[PDB]
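To start, the structure under review is shown below, and the notes come after it.
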Amino acid sequence: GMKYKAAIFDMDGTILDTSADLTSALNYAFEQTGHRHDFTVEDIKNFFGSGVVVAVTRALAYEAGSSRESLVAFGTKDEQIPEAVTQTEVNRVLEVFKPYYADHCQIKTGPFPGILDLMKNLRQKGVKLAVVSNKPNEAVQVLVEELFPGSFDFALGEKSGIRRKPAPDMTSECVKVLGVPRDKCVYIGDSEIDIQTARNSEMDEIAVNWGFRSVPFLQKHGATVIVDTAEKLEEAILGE
Ligand SMILES: [Cl-]
Ligand code: NA
């Protein structure tokens with residue numbers, strides 16, 4: 000048999016090392032709109048995961064003095080968004096950030112060590128491969144085409160009018176195309192949103208430690224299999 004006939008990957012922090020380009024683009028957008036613009040890569044790892052609206056909302060709150068802890072619940076029913084932060088301002092920053100990022104998403108960005116080999120090896124073992132990401136779709140499509148041509152059976156990022164992860168909708172779009180039962184799918188990602196997306200899609204999940212959340216964070220948030228190399232991730236997907 001096969002443990003999993005389909006492996007569905009998040010992009011940021013999982014298959015692509017994106018934090019530098021995200022940082023540069025966020026700081027550009029902030030500067031262009033009159034805000035502080037000295038965010039670090041570590042800041043960006045706390046902002047992204049839940050889509051660009053939540054990411055900019057988090058970044059604006061952080062500029063306003065919010066703790067890193069407080070940012071986690073942004074995008075959830077328990078969010079405590081400071082009165083300093085408005086969606087109107089979020090949208091004004093995004094107007095610069097989205098196109099800038101799209102045009103600058105492949106400067107420092109590449110695959111993590113081992114990932115190209117992983118994809119080759121999994122396809123050789125007959126596993127279907129997909130990307131489902133909260134990165135805007137336009138940037139997802141460019142990156143897959145340039146860095147992973149012919150690798151994926153399906154690739155989708157966030158689009159207006161379709162719910163972001165951890166709603167099941169985007170992964171259900173993937174499941175439909177791949178034609179694999181959910182019990183033969185595994186979702187692979189670096190955050191709590193990936194943990195939730197898997198559960199909401201009635202499939203198993205593997206967490207990676209080379210992305211935007213720490214191991215103690217992932218454990219706190221319900222990760223059960225956590226791997227720290229691409230080889231170990233291959234073994235997890237194959238059940239070896
Ligand atoms: Cl995101
Ligand atoms: Na991610």
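In the authors' numbering, the protein residues as written are 0 to 239. C-beta: ideal position from N, C-alpha, C; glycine also.
Residue i by DSSP, collapsed to three states: which one?
i	result
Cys104	coil
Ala6	strand
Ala28	helix
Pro98	helix
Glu41	helix
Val226	strand
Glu191	helix
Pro135	strand
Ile161	coil
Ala83	coil
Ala58	helix
Does any heavy atom of ligand 1 sit closer than 7 Å to the C-beta of residue i?
i	result
residue 255	This structure cannot speak to residue 255, because the chain is shown only from 0 to 239.
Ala54	yes
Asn133	yes
May I ask you to check if the CB of residue i is nearer than 7 Å to at least one heavy atom of ligand 2?
i	result
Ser190	yes
residue 246	Since the first residue of the chain shown is 0 and the last is 239, residue 246 is not available in this structure.
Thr13	yes
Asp77	no
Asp227	no
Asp203	no
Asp9	yes
From the options, pick the residue whose C-alpha is nearest to that of residue i; which is it?
i	options	result
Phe73	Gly50, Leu21 and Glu94	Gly50
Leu155	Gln140, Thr223, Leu115 and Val95	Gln140
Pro81	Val95, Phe96 and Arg57	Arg57
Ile114	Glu88, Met1, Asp9 and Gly221	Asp9
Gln218	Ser23, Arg67, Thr228 and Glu204	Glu204
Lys76	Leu237, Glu62 and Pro165	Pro165
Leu237	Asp168, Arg162, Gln123 and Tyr61	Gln123
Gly221	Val207, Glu239 and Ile194	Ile194
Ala101	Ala206, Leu21 and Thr228	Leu21
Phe147	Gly125, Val55, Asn208 and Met118	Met118
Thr108	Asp182, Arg35, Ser65 and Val40	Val40
What are the residues that DSSP puts in a beta bridge with residue i?
i	result
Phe153	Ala129
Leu15	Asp11 and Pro110
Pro167	Per DSSP, none; premise fails for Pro167.
residue 246	Absent from the model: residue 246. The displayed extent of the chain is 0 to 239, so no value can be given.
Assuming residue i and residue j make a contact with CB atoms under 8 Å, what is their CB distance in whole Å?
i	j	result
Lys134	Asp42	Their Cβ separation, rounded to whole angstroms, is 18 Å, which puts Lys134 and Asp42 out of contact at 8 Å.
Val130	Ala5	12 Å between Cβ atoms; not a contact.
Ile187	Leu142	Wrong, their Cβ atoms sit about 17 Å apart, outside the cutoff.
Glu88	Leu59	6 Å
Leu70	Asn45	6 Å
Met202	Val185	6 Å
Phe151	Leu121	Incorrect: roughly 11 Å between the Cβ atoms, too far for contact.
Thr228	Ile7	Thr228 to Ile7, Cβ: 20 Å. No contact.
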